[PDB]
Structures are given as C-alpha cells and as structure tokens.
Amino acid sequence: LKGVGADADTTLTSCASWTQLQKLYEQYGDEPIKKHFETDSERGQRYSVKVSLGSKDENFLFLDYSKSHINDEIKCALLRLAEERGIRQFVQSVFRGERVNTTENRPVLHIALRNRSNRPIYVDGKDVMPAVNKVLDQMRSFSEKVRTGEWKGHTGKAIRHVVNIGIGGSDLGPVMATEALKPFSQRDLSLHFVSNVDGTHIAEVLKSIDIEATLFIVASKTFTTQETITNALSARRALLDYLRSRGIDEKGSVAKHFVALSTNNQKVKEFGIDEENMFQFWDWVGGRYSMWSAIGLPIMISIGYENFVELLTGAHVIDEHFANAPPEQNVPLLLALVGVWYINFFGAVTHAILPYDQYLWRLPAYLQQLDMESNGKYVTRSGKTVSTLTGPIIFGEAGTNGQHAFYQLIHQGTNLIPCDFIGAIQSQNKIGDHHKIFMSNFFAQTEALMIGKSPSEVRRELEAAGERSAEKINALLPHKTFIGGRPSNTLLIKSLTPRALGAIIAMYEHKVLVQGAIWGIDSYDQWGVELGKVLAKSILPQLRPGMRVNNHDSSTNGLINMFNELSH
C-alpha cells in the first residue's frame, strides 16, 4: 500500500487494547475452541445473547458466538478495543445525524428510514422524519393501488408484473427481501429484476411479461448509473414498440407504466416520468443501506405496507438494541468484534454467510455489497493508509446446498473461514419432516466445524465397523480426520417474518459500522468503483466494428481489437 503514498495509520495499532489483543492471540490463538467448552460448562449461555423483536409472536434474534477462539480475557479485551476506539460515541454520532461519512461530508442515516419512534433526527437543523414518513405514505398509497388492481396500464389492464430496474444498492435489497419474504407476498404480482446492462437481463424479462400489465420501477440514486438508464431506456423503448406494433396511441403510456426511485429530481423529469410518481430518498441513504427507503418500493408492492412496516420495525428494534444495550450484551458489536478478532489477528480474509433458509438465498449476495463495498477500503477517514486488514471477502450459499458445494473446504481446507449460520426455528412451509431434517444439518455443521474428529476417534470408529485392515485404517485416517476448531456464529430466529429480516439486515449493517469504525475507515463511501467507470467510458466509443486501438496496455488493446474484429 506504499502506492497509495499516504503515511501509515498508527492510531489503531498503537491502541493499548490492540497490543493486548495481539498478545492474547499469541497466547490463546492456538487453543482449540473445544477447550473453552471443556473449561466453561456455561459457555453456550455466557457467549450468547437473545434479543426480543418486541412482537406478539415472541420472535427474537439469537446470536451464539460461543464457537470461537475467544476466552473471557479475549472477550474483555475486544470490548476494551471497542471502548478505546470510541464505538459508543461513533454510534451516537451516526444515529444523531453527524457527518460521519467524512470523505463526502454526508450524514449516515439509514436508521432514520426505519425510525418508528419518530424521534427527531436532524440534518441541517431540520427533522428528517416528516420527509421519511411522507415517502412511506406515498409508497403505501401507490403500492395499494398496484396490489388492489386500481393502477391500470395504458390499455386498462391491472398490473400483473412489477419490473424493478436498478443495479447494486437499487437491486440486491429488492431482490433479497422479496425472495426472503415470498410467503408474505401477493402471489399474483410477479416480481422481475433487471440489473445487468447485459441485454440478456432486459430481454429475458421482456419475454416473461405482459407489458400491458407491467409496472417498470426505475431505481437509481443519482439516476445517471449507465446500467439502470440503458435498461430503463430499453424498457421504455419496449413499451413504445409494443403500442406502435398494435397501432395504439402511446401518449401518456410512460406515466402509467413507469415510476422512479431517486434522489435526483431533474434526471427523473428528463426521462419522462411524472413528479407524483417519483419516490424520494436522500444523499444520507447509502445505496447498500437503501432497501428501507423508496428503493424498497418493489418490496412493499410485493409484501404490502403492513409487512414493510414490520420490516422497518425489525430494523428499528435492532437499531435501539445496538445504540442502547450494554457492550457485553450488544449483538452487532459482539458480531463485529468476533469478526475483527478473526480478520486482524487470525488473518482470516474470508467470511461465509450460510443462511439455512431457502428464502434467504440472495442474502449472501446482499451482504457482499453491504460488507465488501462498505469495508473494502485501504485508507482511513484521516487520509492515512490502513496498517491492518480491513473488509473480508464475503461468500456463501443458502444451506443445505453449500454443504454439497464448498463445506469440504471449510472443514478440510487450508483456510480458516469464520461462518455465520442463520436459521429459523419455525418454517413458513410445513412440509412433512423437512424442517427437522433441515435443521439437523444447521446445528450439526457448526458442531462439526467446532469439535472435528481426531485421529483416535476415526481409528475407533473404523475398529467399530468391520475393519480388520490396519492398512485401510492407516491410509484413510488422515483423510477422515477433521482438525475442528473452525469458528462459526449461529444466528437463530423463531421464524423469518418481515420483522426478523429487518432485524438481521440491521444487525449486519451495524456490524459493518463497528468494524469500519474500529479500522478507522469510511464504511459509507465508494471511491473504488470510479476508475472502472471512467475507463469503461473511455473504452465505449472504441467498441465499433473493425476499430483498432493502441492507447491502452497490450492486453486491453489486443482484447478490444479482437472484440472489434468479430463483434458485428
């Protein structure tokens, strides 16, 4: 990172608590996780926190971080790090509206979007709550019109297809949440998500819809995002093309089929959308933290207002828990500190999100943005080069598919991979014995990762079956041995209700906040996506049939030239 050419940050590495954690790593890092359970019979309880979601169904968010290389000394020391880095003060600063996003000088108030208490939160001396509530009401009114069949298309047909056009922050949330809350959805409304600028994405959606009965939701923060605008222009062209082919008058069609979710009012007006059909969100709403805002319109159209309010309330309950609960019983802080322990001391650069809920299959992809785009920084707020590892690579697939895909590596690979196992006690689908069979894997995999299977256990088991062959035993022994001591966090909820999902995302948003603040980075900007955009914009006019270039490096030149030789 000497190529960044800024001086190295010492504020974190010079912390008394950081030096202590390094000492505790050298001392207790080689101690297997099972040792902590053998020495403390109450570890499961002492290293777990249950947070009630405040609902009638007695739903909760239970974090069990016991399956970790963390003893009482390390835990106390991680909490000391949180105190020395001023997390409590930073949390208050984020929540009260301060310009914590220092590089862009913007507040970070995604918590305001779900502020059900309607406690005044000020930006420029003005309470943002009436504006947040105004959009939520506008979203309610509009979503009800789409859901009841009141909102008609140009030919008078009720909406049957809801196509969200947006990428990243204006896609992953809408996709993840509608997928996660499908049993709470209105089934007669087919949700489609056009995000990729690959023509295929719009083309396949156009093949799956009855355009006359389709509401296109153009979602984009700046409303300038090349992907979203190109797709939206093609979606508009498609609408106009259909009506022209049928000989129908196209006047006023766009206003009935197109709505916008943006911060930018003028680019929405330039596109041809009515102002009353523009759902406002603000600059203090980060894209990867926007599913709670206007961006959440396709979620609200799918699940309804009441369920969207539950989604917000779950987030609010965790926001209140995060800001008010004591350090040792604070779920997102503990989740963050467990992460810092593994990333910075163990050197674990990856983190697996393994949701044992098929509805949560798009959660790892969502968390990839939430974590990686937030914390994949190498410079602090002060402009200094980080002297520690920052954001990890997030990956994962909904279990149990991951088991038959990459658990082999988590169990027997050369990499230590901290895992987050998320599961529901009650399924929304009461299908035979599926849920108990499903959940047997949930508890087993974490147990497996922790306890492992020593050579002695393997030898015994083989001697237990009909194995008389010392050759077969000796040969199979190391292959069947599981070192164990592989960490995992278990997130257990009563059921995946909209409130529960809200609670889970907020927890991760807040985990990311703490980790970012410990590292001293700006978890809310994204300067890293700019070079790719600028270089793409420079390559775009060069992608013409037979055009030859030489202004780039020989690889990019040869690639563009080859493309141009065989493109059209």
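Numbering starts at 1 and runs along the sequence shown.
- The deposited model assigns a higher average Cα B-factor to 188 to 196 than to the other stretch when 363 to 371 and 188 to 196 are compared.
- If you average the C-alpha B-factors over 46 to 54 and over 497 to 505, the higher value belongs to 46 to 54.
- Set against one another, the Cα B-factors of 420, 274, 397, 319 in the record reach their highest point at 274.
- As recorded in the PDB entry, 246 shows the highest C-alpha B-factor of the residues 114, 434, 377, 246.
- Ranked by Cα temperature factor within the chain, residue 107 sits in the middle third according to the deposited record.
- Ranked against the other modelled residues of its chain, the C-alpha B-factor of residue 145 as given in the entry falls in the middle third.
- Per the PDB record, residue ranking by Cα B-factor puts residue 227 in the middle third of the chain.
- When the modelled residues of the chain are ordered by C-alpha B-factor, residue 406 sits in the lowest third.
- Sort the chain's modelled residues by C-alpha temperature factor and residue 62 lands in the middle third, per the entry.
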